[PDB]
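In what follows, a single structure is set out as structure tokens and then discussed.
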2 protein chains.
Amino acid sequence: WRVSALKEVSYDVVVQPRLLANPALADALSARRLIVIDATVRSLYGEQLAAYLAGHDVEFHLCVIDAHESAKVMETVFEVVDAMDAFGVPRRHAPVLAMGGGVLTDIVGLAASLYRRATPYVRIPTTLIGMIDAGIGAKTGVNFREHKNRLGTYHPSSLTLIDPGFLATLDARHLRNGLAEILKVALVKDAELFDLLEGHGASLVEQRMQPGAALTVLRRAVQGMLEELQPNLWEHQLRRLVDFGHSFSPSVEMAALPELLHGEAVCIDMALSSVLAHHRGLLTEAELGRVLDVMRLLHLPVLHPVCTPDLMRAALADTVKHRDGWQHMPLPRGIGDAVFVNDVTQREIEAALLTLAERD
Amino acid sequence: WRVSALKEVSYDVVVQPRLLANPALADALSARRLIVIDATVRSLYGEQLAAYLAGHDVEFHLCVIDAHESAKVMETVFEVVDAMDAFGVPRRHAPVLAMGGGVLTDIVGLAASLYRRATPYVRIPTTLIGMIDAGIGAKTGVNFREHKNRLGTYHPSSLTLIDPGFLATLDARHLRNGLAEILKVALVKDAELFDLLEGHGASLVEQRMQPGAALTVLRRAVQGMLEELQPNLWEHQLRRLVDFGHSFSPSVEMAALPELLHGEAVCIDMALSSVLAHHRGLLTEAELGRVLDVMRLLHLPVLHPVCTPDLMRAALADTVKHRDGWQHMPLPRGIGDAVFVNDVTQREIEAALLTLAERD
Ligand SMILES: NC(=O)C1=CN([C@@H]2O[C@H](COP(=O)(O)OP(=O)(O)OC[C@H]3O[C@@H](n4cnc5c(N)ncnc54)[C@H](O)[C@@H]3O)[C@@H](O)[C@H]2O)C=CC1
Ligand SMILES: NC(=O)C1=CN([C@@H]2O[C@H](COP(=O)(O)OP(=O)(O)OC[C@H]3O[C@@H](n4cnc5c(N)ncnc54)[C@H](O)[C@@H]3O)[C@@H](O)[C@H]2O)C=CC1
Ligand SMILES: [Zn+2]
Ligand SMILES: [Zn+2]
């Protein structure tokens, strides 16, 4: 026999300022709902969130996770599953709410995907990484031993609600961190987005993306990411523009734990790859100069001591397996476009590391 | 934004006698492949399997699991993931082989579904439960605490290879156990299949389904199950004929561990439900008599001491949550058809338990 079936996945990504008075957190839910919330968010937006739901007639239980990258593992997933069991979450008419950064929503997303083999949830990203990348995709997952995101699923939330108001309480470091993922999109897809960052990047960090440039920047980032994910949501096509900055960074992020945030590790990979592109003639000296200056302006690292030739080698090799025996490396071709290569040599990487070393 | 994407899942279910000389185990694979094999199967068919692959020019590493229901848990999944890591299984061009019963292939299936968020595998079911149910579906999963199959995914193997020759080495108990899942299909879908079992059931157990009735029986069982799974592969429709015998049995199976095999627990549920149907007028005294006689003839239990009114209650309640607040209970309407009910009362269940008690 052949069995063949089609699956329609569709989900919503909606910008909804002032989320916690009338706007639909209330009817994103409906009523009794389980809410899995990042500890620091709980401390910061808990009083307001609970006032919302009680006034809007919704009973709830907060499952609080103190979320960080080291504990982004299966045991934390079991903690969320425990909460679903004790709350009595039903098969599908009562979605679970994940409210936190990209660590939180990746964990709850994977718990929800496993629970009875699929359980609907809603995402409320509270960090910049969450709002323009981690909270709007289909990918979920956790680390397994020294391997980044080794275990996971494709399980988008049926709704993502983005309220840029949450970014107001981030510190400069995490604001910049999320700006790294926006720069990724810009460098290979969107020259105007790159321009907005160069022109406004400092102010956006200083103002924590509070307001109308920040609004434009967030809109294009999301639009950029979604154009890339929507037609390739389960990554049947393994050449992915969005893989830019993610060829070396997984091994680098894991080896430096906990010194580098995800976007910082991503930026090291982007700076390496941009130097690679330059050495190849795909980027001019002037353009390379433009990229590395936005990076220093966003106070983002271009290098780390974890980043030795051997680690860079091992990092690449782990990625070739992930990409099914191909490098499929996106290199920027000018600013706002990219090419996929499969002939990156260890020699080229060492030269590019030295070039970063003199810059840095 | 709305993101909407379509996913084409298709997979093959092929009957291939004499699997381990020329037939395609060889080109189900292609070469270097990881094989996860049930311990007892390894002891029984290992010498032949390795002789096959070496002669057919395929290098391999056996990951051996001593598989049983108590250890059908996530830690066993991590054992399989460990083996995938150390073997260096690539993203998708080298499928992993699962060769064992329904515990084995459920575990490897869930490991494969999680590994890099999806990894192809092939299934070779070696038990009757595997050949007509566990090895031909899309469902995978493991138990979480005292809950049956609480964690899992929809991830069919891209190929299932069924060789009835493997059934030759099962003992009578496990042959009957798998006959229970065939009876399930027959009671609600296939009167002719029911007839084949009543007419041949004893011989089929005695001959361990070795040969042409056994061939007909296996073919209709598979065909019956697949007609049910193919148009509802992710269970968007929660009224499922194949849920017959699976409303009480999960809690019963778990509470009696390790006294009841899966199909035996299923049969207790089928015998209870058939009595329920009878008390309702959906089954005649004669038909009820026909069903319970096939069950005694297959030496399958109709009752267990685990099966108290309170457990039966709790068991039903766990299922109503699983079915999103509905009972959606399939009751046989005559033999070879069924109706879905949502008005089963605790009173009716107690009466049916007493009726089983006098029979048993
Ligand atoms: N699934 C996907 O497609 C993607 C997943 N990711 C994952 O995202 C993860 C990192 O996400 P992040 O959000 O950067 O990390 P995070 O979840 O660890 O949060 C960063 C920090 O900010 C705090 N925080 C959160 N919201 C806050 C707020 N509004 N105000 C003040 N403090 C707040 C948290 O408590 C935490 O200390 C990585 O594990 C990365 O793999 C990244 C991109 C895509
Ligand atoms: N995913 C799905 O859609 C379904 C999954 N299942 C799962 O199947 C599991 C039970 O599967 P079973 O195969 O009954 O159990 P099993 O995998 O535990 O195997 C039963 C026993 O037979 C032995 N064995 C296997 N093949 C043999 C052979 N050819 N000769 C001799 N000994 C052999 C095994 O070592 C084991 O001791 C349950 O956990 C049930 O939930 C059942 C139906 C459907
Ligand atoms: Zn990233
Ligand atoms: Zn079953």
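Starting from 1 in every chain, residues are counted up; chains themselves are A, B, ... following the order of the structure tokens, and ligands are numbered from 1 as listed.
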
List the spatial neighbours of segment 32-46 of chain A as a tab-separated table (two decimals) with N, CA, C and O atoms, in the first residue's frame - criterion: any atom at most 8 Å away, only C-alpha atoms, same-chain residues fewer than 5 positions off excluded.
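Everything below was put into out.tsv:
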chain	number	residue	atom	x	y	z
A	58	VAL	N	-11.41	35.20	32.99
A	58	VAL	CA	-10.65	34.00	32.63
A	58	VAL	C	-9.84	33.46	33.82
A	58	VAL	O	-8.95	34.13	34.33
A	59	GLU	N	-10.14	32.23	34.24
A	59	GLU	CA	-9.39	31.62	35.34
A	59	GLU	C	-8.16	30.89	34.81
A	59	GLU	O	-8.17	30.37	33.69
A	60	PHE	N	-7.12	30.83	35.62
A	60	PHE	CA	-5.84	30.39	35.14
A	60	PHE	C	-4.93	29.92	36.25
A	60	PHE	O	-5.14	30.22	37.43
A	61	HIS	N	-3.91	29.19	35.84
A	61	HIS	CA	-2.85	28.73	36.71
A	61	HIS	C	-1.53	29.11	36.02
A	61	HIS	O	-1.33	28.82	34.85
A	62	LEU	N	-0.63	29.77	36.73
A	62	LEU	CA	0.65	30.13	36.17
A	62	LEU	C	1.65	29.02	36.41
A	62	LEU	O	1.92	28.64	37.55
A	63	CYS	N	2.20	28.48	35.33
A	63	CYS	CA	3.34	27.58	35.43
A	63	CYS	C	4.58	28.42	35.18
A	63	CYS	O	4.79	28.91	34.06
A	64	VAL	N	5.39	28.63	36.21
A	64	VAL	CA	6.51	29.53	36.09
A	64	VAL	C	7.79	28.75	35.91
A	64	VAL	O	8.11	27.86	36.71
A	65	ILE	N	8.50	29.07	34.84
A	65	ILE	CA	9.80	28.48	34.53
A	65	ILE	C	10.89	29.55	34.65
A	65	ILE	O	10.74	30.65	34.10
A	66	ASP	N	11.97	29.25	35.36
A	66	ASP	CA	13.13	30.14	35.32
A	66	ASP	C	13.98	29.67	34.13
A	66	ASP	O	14.77	28.73	34.24
A	67	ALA	N	13.79	30.35	33.00
A	67	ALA	CA	14.29	29.87	31.72
A	67	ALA	C	15.70	30.37	31.38
A	67	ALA	O	15.96	31.58	31.42
A	80	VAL	N	6.84	21.16	32.09
A	80	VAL	CA	5.66	21.75	31.45
A	80	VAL	C	4.55	20.70	31.23
A	80	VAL	O	3.36	21.00	31.38
A	84	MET	N	0.67	20.44	32.51
A	84	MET	CA	-0.48	20.18	31.64
A	84	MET	C	-1.33	19.05	32.22
A	84	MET	O	-2.56	19.13	32.22
A	87	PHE	N	-3.23	20.24	35.42
A	87	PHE	CA	-4.25	21.23	35.10
A	87	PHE	C	-5.42	20.58	34.38
A	87	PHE	O	-6.54	21.08	34.42
A	89	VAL	N	-5.41	19.83	31.01
A	89	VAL	CA	-5.53	20.38	29.67
A	89	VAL	C	-6.18	19.34	28.76
A	89	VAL	O	-5.68	18.22	28.66
A	94	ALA	N	-8.75	23.99	24.46
A	94	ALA	CA	-8.25	24.95	25.44
A	94	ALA	C	-6.75	25.12	25.31
A	94	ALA	O	-5.98	24.49	26.03
A	95	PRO	N	-6.33	25.97	24.37
A	95	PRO	CA	-4.91	26.18	24.09
A	95	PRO	C	-4.13	26.65	25.31
A	95	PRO	O	-4.65	27.35	26.16
A	96	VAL	N	-2.88	26.21	25.40
A	96	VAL	CA	-1.97	26.61	26.46
A	96	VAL	C	-1.25	27.91	26.07
A	96	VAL	O	-0.93	28.11	24.91
A	97	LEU	N	-1.02	28.81	27.01
A	97	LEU	CA	-0.34	30.06	26.68
A	97	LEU	C	1.14	30.04	27.07
A	97	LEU	O	1.45	29.83	28.23
A	98	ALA	N	2.05	30.26	26.11
A	98	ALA	CA	3.47	30.46	26.45
A	98	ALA	C	3.87	31.94	26.37
A	98	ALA	O	3.82	32.56	25.30
A	99	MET	N	4.30	32.51	27.49
A	99	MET	CA	4.64	33.92	27.55
A	99	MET	C	6.04	34.09	28.12
A	99	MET	O	6.24	33.97	29.33
A	100	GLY	N	7.01	34.34	27.25
A	100	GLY	CA	8.40	34.52	27.65
A	100	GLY	C	9.30	34.72	26.45
A	100	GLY	O	8.83	35.04	25.35
A	101	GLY	N	10.61	34.55	26.64
A	101	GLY	CA	11.55	34.69	25.54
A	101	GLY	C	11.57	33.44	24.69
A	101	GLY	O	10.71	32.56	24.82
A	104	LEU	N	11.75	30.01	26.60
A	104	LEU	CA	10.46	29.63	27.13
A	104	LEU	C	9.56	29.00	26.04
A	104	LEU	O	9.02	27.90	26.21
A	108	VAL	N	7.90	25.14	25.76
A	108	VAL	CA	6.45	24.94	25.79
A	108	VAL	C	5.93	24.46	24.45
A	108	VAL	O	5.01	23.66	24.38
A	126	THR	N	8.17	37.91	24.54
A	126	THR	CA	8.44	39.11	25.32
A	126	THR	C	9.84	39.65	25.10
A	126	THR	O	10.23	40.64	25.72

Next item on the list: Pull out every residue of chain B sitting within 6 Å of chain A, counting only C-alpha atoms, and send them as a list in words.
Entry: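 My answer is residues 1, 2, 3, 4, 5, 6, 7, 8, 9, 10, 11, 12, 13, 90, 91, 114, 115, 116, 117, 150, 151, 152, 153, 230, 321, 322 and 324 of chain B.
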
Would you mind exporting N, CA, C and O atoms of the selected residues as a tab-separated table (two decimals), in the first residue's frame?
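And here is the file that came out, out-v1.tsv:
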chain	number	residue	atom	x	y	z
B	1	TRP	N	-0.26	38.55	10.15
B	1	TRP	CA	-0.05	37.60	9.07
B	1	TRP	C	-0.74	36.31	9.31
B	1	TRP	O	-0.80	35.82	10.44
B	2	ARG	N	-1.22	35.72	8.21
B	2	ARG	CA	-1.45	34.29	8.18
B	2	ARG	C	-0.37	33.61	7.35
B	2	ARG	O	-0.01	34.04	6.23
B	3	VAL	N	0.18	32.55	7.93
B	3	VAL	CA	1.05	31.63	7.24
B	3	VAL	C	0.24	30.39	7.01
B	3	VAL	O	-0.30	29.81	7.95
B	4	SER	N	0.16	29.95	5.77
B	4	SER	CA	-0.47	28.65	5.51
B	4	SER	C	0.38	27.79	4.58
B	4	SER	O	0.83	28.24	3.51
B	5	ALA	N	0.60	26.55	5.00
B	5	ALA	CA	1.41	25.62	4.24
B	5	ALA	C	0.73	24.25	4.20
B	5	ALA	O	0.01	23.88	5.12
B	6	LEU	N	0.97	23.51	3.12
B	6	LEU	CA	0.48	22.14	2.95
B	6	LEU	C	1.60	21.13	3.07
B	6	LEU	O	2.67	21.34	2.49
B	7	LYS	N	1.36	20.03	3.79
B	7	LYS	CA	2.35	18.94	3.87
B	7	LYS	C	1.87	17.59	3.32
B	7	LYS	O	0.93	16.99	3.86
B	8	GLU	N	2.54	17.13	2.26
B	8	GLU	CA	2.32	15.80	1.68
B	8	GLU	C	3.05	14.69	2.42
B	8	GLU	O	4.25	14.49	2.21
B	9	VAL	N	2.35	13.94	3.26
B	9	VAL	CA	2.94	12.71	3.78
B	9	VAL	C	2.43	11.50	3.02
B	9	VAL	O	1.22	11.28	2.91
B	10	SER	N	3.35	10.73	2.47
B	10	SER	CA	3.02	9.45	1.90
B	10	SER	C	4.08	8.42	2.24
B	10	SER	O	5.28	8.73	2.29
B	11	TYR	N	3.62	7.20	2.49
B	11	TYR	CA	4.51	6.11	2.88
B	11	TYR	C	3.97	4.77	2.38
B	11	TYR	O	2.81	4.66	1.95
B	12	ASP	N	4.83	3.75	2.44
B	12	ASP	CA	4.57	2.48	1.79
B	12	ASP	C	4.45	1.36	2.81
B	12	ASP	O	5.22	1.26	3.77
B	13	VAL	N	3.47	0.51	2.56
B	13	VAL	CA	3.24	-0.64	3.37
B	13	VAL	C	3.24	-1.86	2.44
B	13	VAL	O	2.32	-2.07	1.65
B	90	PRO	N	22.94	11.11	9.14
B	90	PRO	CA	22.78	12.39	8.45
B	90	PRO	C	21.31	12.79	8.36
B	90	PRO	O	20.43	11.99	8.66
B	91	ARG	N	21.07	14.03	7.95
B	91	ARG	CA	19.76	14.66	8.01
B	91	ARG	C	18.67	13.82	7.37
B	91	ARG	O	17.58	13.65	7.98
B	114	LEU	N	11.94	13.15	16.49
B	114	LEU	CA	12.55	14.25	17.24
B	114	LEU	C	13.94	14.65	16.72
B	114	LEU	O	14.34	15.82	16.78
B	115	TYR	N	14.66	13.66	16.22
B	115	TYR	CA	16.05	13.87	15.84
B	115	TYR	C	16.19	14.82	14.65
B	115	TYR	O	15.76	14.52	13.52
B	116	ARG	N	16.80	15.98	14.93
B	116	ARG	CA	16.85	17.13	14.04
B	116	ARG	C	15.46	17.54	13.56
B	116	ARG	O	15.33	18.15	12.50
B	117	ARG	N	14.44	17.18	14.36
B	117	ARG	CA	13.02	17.50	14.14
B	117	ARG	C	12.31	16.63	13.09
B	117	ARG	O	11.10	16.82	12.86
B	150	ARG	N	1.36	9.01	26.36
B	150	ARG	CA	1.05	10.39	26.66
B	150	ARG	C	1.92	11.35	25.84
B	150	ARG	O	1.53	12.50	25.60
B	151	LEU	N	3.07	10.87	25.37
B	151	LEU	CA	4.01	11.71	24.64
B	151	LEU	C	4.31	11.09	23.31
B	151	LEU	O	4.73	9.93	23.27
B	152	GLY	N	4.12	11.82	22.22
B	152	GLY	CA	4.49	11.24	20.94
B	152	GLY	C	4.30	12.13	19.73
B	152	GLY	O	4.15	13.34	19.88
B	153	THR	N	4.32	11.54	18.52
B	153	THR	CA	4.19	12.34	17.30
B	153	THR	C	3.48	11.56	16.25
B	153	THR	O	3.30	10.38	16.41
B	230	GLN	N	-5.70	6.59	6.79
B	230	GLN	CA	-5.29	7.43	5.67
B	230	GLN	C	-6.05	8.76	5.54
B	230	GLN	O	-5.43	9.78	5.28
B	321	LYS	N	-11.24	13.42	28.23
B	321	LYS	CA	-10.31	14.52	28.01
B	321	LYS	C	-9.52	14.31	26.71
B	321	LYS	O	-9.42	15.23	25.91
B	322	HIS	N	-9.01	13.11	26.51
B	322	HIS	CA	-8.30	12.78	25.28
B	322	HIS	C	-9.13	13.04	24.02
B	322	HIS	O	-8.59	13.33	22.95
B	324	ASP	N	-11.39	15.33	23.84
B	324	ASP	CA	-11.73	16.74	23.79
B	324	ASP	C	-13.07	17.03	24.44
B	324	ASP	O	-13.80	17.91	24.00

Check: Residues of segment 123-218 of chain A in strand (DSSP E or B) according to DSSP, as a ChimeraX atom specification?
Finding: /A:123-125,139-144,147-154,159-162

Check: Given a cut-off of 7 Å, what residues near ligand 3 show up using only C-alpha atoms and all ligand atoms, put as an MDAnalysis selection string?
Finding: chainID A and resid 181 246 262:263 266

Next item on the list: Could you give me, as a ChimeraX atom specification, each residue of segment 170-335 of chain A that DSSP assigns to helix (DSSP H, G or I) when run on this structure's backbone?
Entry: /A:172-189,191-206,213-232,241-243,249-256,262-280,285-297,309-322

Checklist line | Selection as a list in words: residues within 10 Å of ligand 4 by only C-alpha atoms and all ligand atoms | finding: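 Selection of residues at most 10 Å from ligand 4: residues 102, 129, 133, 134, 178, 180, 181, 182, 184, 242, 243, 244, 245, 246, 249, 250, 262, 263, 264, 265, 266 and 267 of chain B.
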
Let me see the file: selected residues, N, CA, C and O atoms, as a PDB file, in the first residue's frame.
ATOM      1  N   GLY B 102       5.993  -3.753  18.589  1.00  0.00           N
ATOM      2  CA  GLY B 102       5.388  -2.437  18.636  1.00  0.00           C
ATOM      3  C   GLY B 102       5.980  -1.510  19.689  1.00  0.00           C
ATOM      4  O   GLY B 102       5.883  -0.282  19.553  1.00  0.00           O
ATOM      5  N   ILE B 129       1.128  -7.692  16.474  1.00  0.00           N
ATOM      6  CA  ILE B 129       0.690  -6.334  16.808  1.00  0.00           C
ATOM      7  C   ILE B 129       1.377  -5.321  15.859  1.00  0.00           C
ATOM      8  O   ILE B 129       0.747  -4.383  15.349  1.00  0.00           O
ATOM      9  N   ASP B 133      -0.954  -3.254  13.105  1.00  0.00           N
ATOM     10  CA  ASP B 133      -1.356  -2.014  13.762  1.00  0.00           C
ATOM     11  C   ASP B 133      -0.173  -1.060  14.034  1.00  0.00           C
ATOM     12  O   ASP B 133      -0.049   0.003  13.391  1.00  0.00           O
ATOM     13  N   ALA B 134       0.699  -1.444  14.960  1.00  0.00           N
ATOM     14  CA  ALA B 134       1.737  -0.544  15.456  1.00  0.00           C
ATOM     15  C   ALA B 134       2.764  -0.130  14.405  1.00  0.00           C
ATOM     16  O   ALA B 134       3.341   0.942  14.508  1.00  0.00           O
ATOM     17  N   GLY B 178      -1.971 -10.308  19.152  1.00  0.00           N
ATOM     18  CA  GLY B 178      -2.085  -9.581  17.894  1.00  0.00           C
ATOM     19  C   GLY B 178      -3.397  -9.894  17.197  1.00  0.00           C
ATOM     20  O   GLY B 178      -3.996  -9.027  16.559  1.00  0.00           O
ATOM     21  N   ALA B 180      -6.067 -10.131  18.755  1.00  0.00           N
ATOM     22  CA  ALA B 180      -6.999  -9.185  19.382  1.00  0.00           C
ATOM     23  C   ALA B 180      -7.201  -7.907  18.573  1.00  0.00           C
ATOM     24  O   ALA B 180      -8.322  -7.389  18.509  1.00  0.00           O
ATOM     25  N   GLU B 181      -6.128  -7.387  17.973  1.00  0.00           N
ATOM     26  CA  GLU B 181      -6.239  -6.128  17.235  1.00  0.00           C
ATOM     27  C   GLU B 181      -6.892  -6.344  15.886  1.00  0.00           C
ATOM     28  O   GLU B 181      -7.540  -5.444  15.337  1.00  0.00           O
ATOM     29  N   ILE B 182      -6.736  -7.548  15.358  1.00  0.00           N
ATOM     30  CA  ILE B 182      -7.451  -7.912  14.154  1.00  0.00           C
ATOM     31  C   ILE B 182      -8.946  -8.029  14.458  1.00  0.00           C
ATOM     32  O   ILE B 182      -9.774  -7.605  13.656  1.00  0.00           O
ATOM     33  N   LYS B 184     -10.604  -6.445  16.572  1.00  0.00           N
ATOM     34  CA  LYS B 184     -11.111  -5.092  16.762  1.00  0.00           C
ATOM     35  C   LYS B 184     -11.630  -4.564  15.437  1.00  0.00           C
ATOM     36  O   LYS B 184     -12.771  -4.123  15.337  1.00  0.00           O
ATOM     37  N   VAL B 242     -11.333   2.936  14.926  1.00  0.00           N
ATOM     38  CA  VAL B 242     -10.158   2.266  15.454  1.00  0.00           C
ATOM     39  C   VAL B 242      -9.936   2.551  16.968  1.00  0.00           C
ATOM     40  O   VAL B 242      -9.109   1.903  17.634  1.00  0.00           O
ATOM     41  N   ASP B 243     -10.711   3.483  17.523  1.00  0.00           N
ATOM     42  CA  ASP B 243     -10.677   3.730  18.968  1.00  0.00           C
ATOM     43  C   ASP B 243     -11.449   2.655  19.728  1.00  0.00           C
ATOM     44  O   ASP B 243     -11.404   2.627  20.975  1.00  0.00           O
ATOM     45  N   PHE B 244     -12.195   1.810  19.002  1.00  0.00           N
ATOM     46  CA  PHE B 244     -12.861   0.657  19.625  1.00  0.00           C
ATOM     47  C   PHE B 244     -11.822  -0.122  20.375  1.00  0.00           C
ATOM     48  O   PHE B 244     -10.734  -0.369  19.861  1.00  0.00           O
ATOM     49  N   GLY B 245     -12.163  -0.508  21.595  1.00  0.00           N
ATOM     50  CA  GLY B 245     -11.244  -1.240  22.436  1.00  0.00           C
ATOM     51  C   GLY B 245     -10.133  -0.396  23.031  1.00  0.00           C
ATOM     52  O   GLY B 245      -9.208  -0.941  23.628  1.00  0.00           O
ATOM     53  N   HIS B 246     -10.228   0.926  22.908  1.00  0.00           N
ATOM     54  CA  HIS B 246      -9.159   1.787  23.427  1.00  0.00           C
ATOM     55  C   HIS B 246      -9.697   2.918  24.276  1.00  0.00           C
ATOM     56  O   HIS B 246      -9.162   4.004  24.260  1.00  0.00           O
ATOM     57  N   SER B 249      -9.007   0.428  28.014  1.00  0.00           N
ATOM     58  CA  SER B 249      -7.758  -0.350  28.051  1.00  0.00           C
ATOM     59  C   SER B 249      -6.464   0.416  28.395  1.00  0.00           C
ATOM     60  O   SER B 249      -5.558  -0.191  28.990  1.00  0.00           O
ATOM     61  N   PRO B 250      -6.350   1.719  28.039  1.00  0.00           N
ATOM     62  CA  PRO B 250      -5.062   2.342  28.391  1.00  0.00           C
ATOM     63  C   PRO B 250      -4.814   2.356  29.881  1.00  0.00           C
ATOM     64  O   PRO B 250      -3.713   2.014  30.302  1.00  0.00           O
ATOM     65  N   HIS B 262      -0.797  -5.612  25.531  1.00  0.00           N
ATOM     66  CA  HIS B 262      -1.651  -4.572  24.981  1.00  0.00           C
ATOM     67  C   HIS B 262      -2.994  -5.101  24.383  1.00  0.00           C
ATOM     68  O   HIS B 262      -4.065  -4.568  24.649  1.00  0.00           O
ATOM     69  N   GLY B 263      -2.925  -6.166  23.596  1.00  0.00           N
ATOM     70  CA  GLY B 263      -4.098  -6.710  22.929  1.00  0.00           C
ATOM     71  C   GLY B 263      -5.039  -7.389  23.910  1.00  0.00           C
ATOM     72  O   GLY B 263      -6.241  -7.439  23.694  1.00  0.00           O
ATOM     73  N   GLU B 264      -4.488  -7.901  24.998  1.00  0.00           N
ATOM     74  CA  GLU B 264      -5.305  -8.511  26.021  1.00  0.00           C
ATOM     75  C   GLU B 264      -6.101  -7.415  26.713  1.00  0.00           C
ATOM     76  O   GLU B 264      -7.296  -7.565  26.969  1.00  0.00           O
ATOM     77  N   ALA B 265      -5.438  -6.304  27.017  1.00  0.00           N
ATOM     78  CA  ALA B 265      -6.146  -5.192  27.625  1.00  0.00           C
ATOM     79  C   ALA B 265      -7.200  -4.679  26.649  1.00  0.00           C
ATOM     80  O   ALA B 265      -8.325  -4.359  27.048  1.00  0.00           O
ATOM     81  N   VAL B 266      -6.842  -4.628  25.368  1.00  0.00           N
ATOM     82  CA  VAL B 266      -7.767  -4.176  24.344  1.00  0.00           C
ATOM     83  C   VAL B 266      -9.003  -5.066  24.345  1.00  0.00           C
ATOM     84  O   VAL B 266     -10.119  -4.593  24.227  1.00  0.00           O
ATOM     85  N   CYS B 267      -8.793  -6.363  24.515  1.00  0.00           N
ATOM     86  CA  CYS B 267      -9.890  -7.313  24.457  1.00  0.00           C
ATOM     87  C   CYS B 267     -10.844  -7.165  25.640  1.00  0.00           C
ATOM     88  O   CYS B 267     -12.051  -7.369  25.510  1.00  0.00           O
TER      89      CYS B 267
END

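In terms of minimum interatomic distance to residue 107 of chain B, B:73 ranks closest within B:50, B:185, B:351, B:73, counting only C-alpha atoms.
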
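Counting only C-alpha atoms and all ligand atoms, the residue from A:135, A:23, A:201, A:332 that sits nearest to ligand 1 is A:135.
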
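For the residues A:356, A:299, A:220, A:210, ranking by smallest atom-to-atom distance to residue 278 of chain A using only C-alpha atoms places A:356 first.
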
Check: Could you name the residues that touch residue 203 of chain A at 10 Å or less, counting only C-alpha atoms, but leaving out those on the same chain fewer than 4 positions away, as a PyMOL selection string?
Finding: chain A and resi 197+199+207-210+213-214+298

Output file for the selection above: N, CA and C atoms, as a PDB file, in the first residue's frame:
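Result went into selection18.pdb, see below:
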ATOM      1  N   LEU A 197      18.788  49.941  10.092  1.00  0.00           N
ATOM      2  CA  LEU A 197      19.614  49.577  11.244  1.00  0.00           C
ATOM      3  C   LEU A 197      20.843  50.457  11.360  1.00  0.00           C
ATOM      4  N   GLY A 199      21.203  53.391  10.086  1.00  0.00           N
ATOM      5  CA  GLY A 199      20.727  54.736  10.357  1.00  0.00           C
ATOM      6  C   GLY A 199      20.104  54.986  11.725  1.00  0.00           C
ATOM      7  N   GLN A 207      16.281  53.335  22.868  1.00  0.00           N
ATOM      8  CA  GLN A 207      14.871  53.536  23.138  1.00  0.00           C
ATOM      9  C   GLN A 207      14.164  52.211  23.309  1.00  0.00           C
ATOM     10  N   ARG A 208      14.930  51.125  23.297  1.00  0.00           N
ATOM     11  CA  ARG A 208      14.367  49.781  23.402  1.00  0.00           C
ATOM     12  C   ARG A 208      13.206  49.592  22.426  1.00  0.00           C
ATOM     13  N   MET A 209      13.375  50.092  21.204  1.00  0.00           N
ATOM     14  CA  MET A 209      12.378  49.912  20.147  1.00  0.00           C
ATOM     15  C   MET A 209      11.001  50.478  20.501  1.00  0.00           C
ATOM     16  N   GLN A 210      10.960  51.410  21.441  1.00  0.00           N
ATOM     17  CA  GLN A 210       9.723  52.113  21.748  1.00  0.00           C
ATOM     18  C   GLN A 210       9.553  53.312  20.804  1.00  0.00           C
ATOM     19  N   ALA A 213      10.334  54.373  13.263  1.00  0.00           N
ATOM     20  CA  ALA A 213      11.341  53.540  12.609  1.00  0.00           C
ATOM     21  C   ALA A 213      11.373  52.131  13.206  1.00  0.00           C
ATOM     22  N   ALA A 214      11.271  52.050  14.527  1.00  0.00           N
ATOM     23  CA  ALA A 214      11.289  50.772  15.217  1.00  0.00           C
ATOM     24  C   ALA A 214      10.142  49.898  14.725  1.00  0.00           C
ATOM     25  N   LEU A 298      26.164  48.271  17.216  1.00  0.00           N
ATOM     26  CA  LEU A 298      25.171  47.547  17.999  1.00  0.00           C
ATOM     27  C   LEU A 298      25.835  46.827  19.156  1.00  0.00           C
TER      28      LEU A 298
END

Note to self: Which residues are near residue 286 of chain B? Cut-off 12 Å, only C-alpha atoms, ignore same chain within fewer than 4 positions. Put them as a VMD selection string.
What the structure shows: chain B and resid 274 to 275 278 281 to 282 290 to 293 334 to 335

Item checked: Pairwise distance for atom 24 (N, counted along the ligand's line) of ligand 2 and atom CA of residue 83 of chain B, rounded to one decimal in Å ->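 Those two atoms sit 21.2 Å apart.
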
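Computed from the coordinates, the atom CA of residue 342 of chain A to atom CA of residue 301 of chain A distance equals 26.0 Å.
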